[PDB]
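Heads up, the chain below is alone and in the form solved without the ligand; it's given as structure tokens.
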């Protein structure tokens, strides 16, 4: 479990997790948030469907470094429940408010508490307190739960969240972890703007995505022969069933593939590292406008596409690894309508070529890259449920419990069919 994280949690981080939280391992997304907070001091928008595996992301870092973490939330009963859990785990924690202040505030200032829960109403009155705690202790992170409540445009607006924009003014070097259940690109942008987040890490987890069909199929090598099954012949030209992305492992392939689809007069365009920002922009704009149907691309394309109606993702060549693959298929069917994700792989794919990783001189990184390639190859070669493999590696056990409906049916994956 620890072998698939970059960089690997050290031995004292694992010991800390076991002692204080009772867990043996970090899930990749949990590690993604914790490491970015601890080492990069990086702002996060962590979209989480449920509270399962959620709290660790903001509770673990201040416990590990033995400093202080702030959790800003309006969910009073849930905050009280979490304060009791932390206390019962021998983590010193409290609810800080006007009524509680006499009991706790001197102790908070003296650095006796790892985790302090506050309402957004209390926080806007006490930016001076946070400055003192930053100076005297050092604030590992500020968590803003129900972060969607800052957006006037969302369904559950709270005026109390408006003044949380000042956190980055008052405390420009403390990273903010914004947490919400809503996967709206619109609300994410509102959260980023209203909390003044700087280049935030965006993750989205806890969702089972029942509308994504998964298939792995052997690649002949003949590009037209390989992609012919996906095409529909109109009087004018051949075309895909809907908005499509074809992810290719190199820039040489993106040209080759686009060349073969060009011969069919298919409305498509190439994207890669080595193209004009102006051309990349109109591709992005045409795709969003539905002026080109398909996009042939490298790992470069997809981040902040926000396009809800991607019906088909094809990996023409084995993906880089399971992390990139997860990001790439995650962009399919955000509208919640039926989408398909196909891998077309051969044994001669660059991303299954060990020789290139054998030549990497940094040993810890070499052994990570080989372990990730092998995990990818074990997914592609599997006869077991494609969905079960992906949820098991990336998602909390709760996501698998919810997903038992789709799993096993003719719409789950090629192996369940």
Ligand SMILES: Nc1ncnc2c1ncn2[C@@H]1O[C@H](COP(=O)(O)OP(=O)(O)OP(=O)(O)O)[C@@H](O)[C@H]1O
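Numbering follows the first chain given and starts at 1.
Per the records, residue 306 is modelled in every other compared entry, just as the shown structure includes it, so no third of them leave it out. Among the other PDB entries of this protein that were compared and that flank it with modelled residues, residue 236 is left unmodelled in a third or more. Looking at 268-276 and 115-123 together, the entry lists the larger mean B-factor for 268-276, computed on C-alpha atoms.
As recorded in the PDB entry, 350-358 is the stretch of 376-384 and 350-358 with the greater mean C-alpha temperature factor. Within the listed group 85, 236, 140, 73, the record reports its top CA B-factor for 236. Highest CA B-factor among 341, 261, 133, 78, as stated in the entry: 261.
Residue-level temperature factors show residue 64 in the lowest third of its chain, judged at the C-alpha atom. In this PDB entry, the Cα temperature factor of residue 52 sits in the top third of its chain's modelled residues, the highest group. Per the deposited record, the Cα B-factor of residue 146 falls in the lowest third when ranked against the other modelled residues of its chain. For residue 323, the recorded CA B-factor ranks within the lowest third of the chain. Only modelled residues enter the ranking. Among all modelled residues in its chain, residue 291 ranks in the highest third by Cα B-factor.
Another form exists, deposited with the ligand bound; not displayed. Remarks below refer to it.
The site on the displayed chain is blocked: the ligand, placed by C-alpha superposition from its pose in the entry with it bound, has three or more atoms within 2.4 Å of backbone or C-beta atoms. Of the listed positions (280, 158, 331, 163), a single one reaches within 4.5 angstroms of the ligand by any non-hydrogen atom in the entry with it bound, namely 331. Site annotation in the entry with it bound: the residue of 148, 315, 320, 114 reaching within 4.5 Å of the ligand with a heavy atom is 148. Checking 331-339, 251-259, 104-112, 131-139 against the ligand in the entry with it bound, the stretch whose residues place heavy atoms within 4.5 Å of it is 331-339. At a distance threshold of 4.5 angstroms between non-hydrogen atoms, residue 351 is out of contact with the ligand in the entry with it bound. Proximity of residue 35 to the ligand in the entry with it bound: non-hydrogen atoms within 4.5 Å are absent; the residue sits far from the partner. At the 4.5 Å threshold, heavy atoms of residue 50 reach the ligand in the entry with it bound. Interface membership of residue 55, defined by any non-hydrogen atom within 4.5 Å of the ligand in the entry with it bound, is confirmed.
Of all the residues from 12-36, those having a non-hydrogen atom no more than 4.5 Å from the ligand in the entry with it bound are 23, 25, 26, 27, 30.
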